[PDB]
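Chemist:
6 protein chains.
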Amino acid sequence: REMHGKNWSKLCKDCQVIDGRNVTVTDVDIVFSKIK
Amino acid sequence: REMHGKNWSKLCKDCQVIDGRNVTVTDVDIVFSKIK
Amino acid sequence: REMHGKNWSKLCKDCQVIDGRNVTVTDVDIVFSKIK
Amino acid sequence: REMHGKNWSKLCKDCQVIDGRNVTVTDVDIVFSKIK
Amino acid sequence: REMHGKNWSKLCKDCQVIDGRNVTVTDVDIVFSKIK
Amino acid sequence: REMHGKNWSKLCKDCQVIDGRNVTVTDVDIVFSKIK
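Residue numbers (the UniProt record's numbering), protein chains in the order written: chain A, 69 to 104; chain B, 69 to 104; chain C, 69 to 104; chain D, 69 to 104; chain E, 69 to 104; chain F, 69 to 104.
So this is what it looks like as structure tokens:
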């Protein structure tokens with residue numbers, strides 16, 4: 069298995085994450101941006 | 069298996085995530101943007 | 069299996085996610101945008 | 069006049085206010101509380 | 069006039085205010101509390 | 069007039085204020101508290 073996550077694990081590739089319990093985003097022009 | 073997640077695991081690729089218990093997004097122009 | 073998720077797992081590819089218990093989105097121009 | 073507000077004015081007494089264009093309240097036990 | 073507000077003025081007494089354009093309140097036990 | 073505010077003025081007494089354009093309050097036990 070190229071990517072293998074077991075008990076409560078977290079994995080990502082080519083990823084943009086804002087993982088978190090309380091997340092607030094305010095008065096932003098662009099939050100995520102991925103260009104390819 | 070290329071991607072294999074087991075008990076309560078989280079996996080992503082080419083991903084944009086705002087994982088979180090309380091999520092608030094306010095007064096934004098563009099939140100997610102992926103161009104290819 | 070290319071993608072295989074077992075007990076309460078979450079997996080995505082080429083994905084845009086706002087996973088979360090309470091999600092509020094207010095006064096936004098564009099939330100998700102994927103162009104290909 | 070004890071209290072007199074004219075053009076687009078705002079006045080209060082013994083007051084609790086969350087005046088604002090975008091208002092979001094999340095995961096709160098008690099928002100307003102006034103005991104007398 | 070005890071309290072007199074004119075053009076776009078704001079006045080308060082014995083007040084609790086969260087005046088503001090974007091207001092977000094998250095994961096709070098008690099926001100306002102006035103005991104007398 | 070005891071309190072007199074004119075063009076776009078702001079006045080308060082015995083006040084608790086969080087005046088501001090973007091206001092975020094997170095993971096607080098008690099925000100405002102006035103006991104008398």
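Positions of the beta carbon are idealized from the N, C-alpha and C atoms, including for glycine.
#1: Across which residues does DSSP place residue 73 of chain E in a beta bridge pair?
#2: Quick one: list the residues of chain E neighbouring residue 95 of chain B, beta-carbon separation under 9 angstroms, in chain order.
#3: Only counting the same chain, and skipping five residues up and downstream in sequence, which positions put a Cβ closer than 7 angstroms to that of residue 84 of chain A?
#4: Using 8 angstroms as the cut-off, can you tell me whether the segment 70-85 of chain B makes contact with the segment 71-80 of chain F, which would need three or more C-beta pairs spanning the two stretches below that distance?
#5: Suppose the cutoff is 6 angstroms on Cβ atoms and the five residues either side in sequence are ignored; what does the same chain contact list for residue 96 of chain C look like?
#6: Taking 8 angstroms as the threshold (C-beta atoms), are residue 98 of chain A and residue 86 of chain B in contact?
#7: Classify residue 90 of chain A: buried if its beta carbon has 16 or more other beta carbons within 10 angstroms, exposed otherwise.
#8: Got a sec? Which residues, its chain only, sit under 6 angstroms from residue 71 of chain C by beta carbon, not counting five neighbours each side?
#9: Determine the direct distance from the alpha carbon of residue 75 of chain A to that of residue 94 of chain E, and round the result to whole angstroms.
#10: Taking the beta strand (DSSP E) that residue 78 of chain E belongs to, which residues open and close that run?
#11: Per DSSP, residue 103 of chain F forms a beta bridge with which residues?
Modeler: Result, derived from the coordinates:
#1: Sequence index remark: in the fifth sequence, residue 73 of chain E carries index 5 (1-based). According to DSSP, residue 73 of chain E bridges with D/73 and F/73.
#2: Locating residue 95 of chain B in the second sequence gives position 27, where the first residue counts as 1. Those are 89 and 90, listed as they occur along chain E.
#3: Position 16 of the first sequence, counting from 1, holds the residue named residue 84 of chain A. Only residues of its own chain outside the window of five on either side were considered, and among them 100 and 102 have a CB closer than 7 angstroms to the CB of residue 84 of chain A, listed in chain order.
#4: Because the criterion of three Cβ pairs below 8 angstroms is not met, the segment 70-85 of chain B and the segment 71-80 of chain F do not touch.
#5: Translated into the one-based positions of the third sequence, residue 96 of chain C becomes position 28. Counting only residues of its own chain and dropping the five nearest sequence neighbours on each side, residue 96 of chain C has no CB closer than 6 angstroms to any other CB.
#6: By 1-based counting over the second sequence, the position of residue 86 of chain B is 18. By 1-based counting over the first sequence, the position of residue 98 of chain A is 30. Cβ atoms of residue 86 of chain B and residue 98 of chain A: not closer than 8 angstroms.
#7: As a first step, residue 90 of chain A must be located in the first sequence, where it is residue number 22. By the 10 Å Cβ count, residue 90 of chain A comes out buried.
#8: Working through the third sequence from its first residue, we reach residue 71 of chain C at position 3. Excluding residues within five positions, the ones whose Cβ falls inside 6 angstroms are 79.
#9: The residue you call residue 94 of chain E lines up with position 26 of the fifth sequence. The residue you call residue 75 of chain A lines up with position 7 of the first sequence. The alpha-carbon atoms of residue 94 of chain E and residue 75 of chain A are separated by roughly 29 angstroms.
#10: The residue labelled residue 78 of chain E in the question sits at position 10 within the fifth sequence. Note, residue 78 of chain E: beta strand (DSSP E), 78-81.
#11: Start at 1 with the first residue of the sixth sequence, and residue 103 of chain F comes out as number 35. The partner list for residue 103 of chain F (beta bridge, DSSP) reads E/103.
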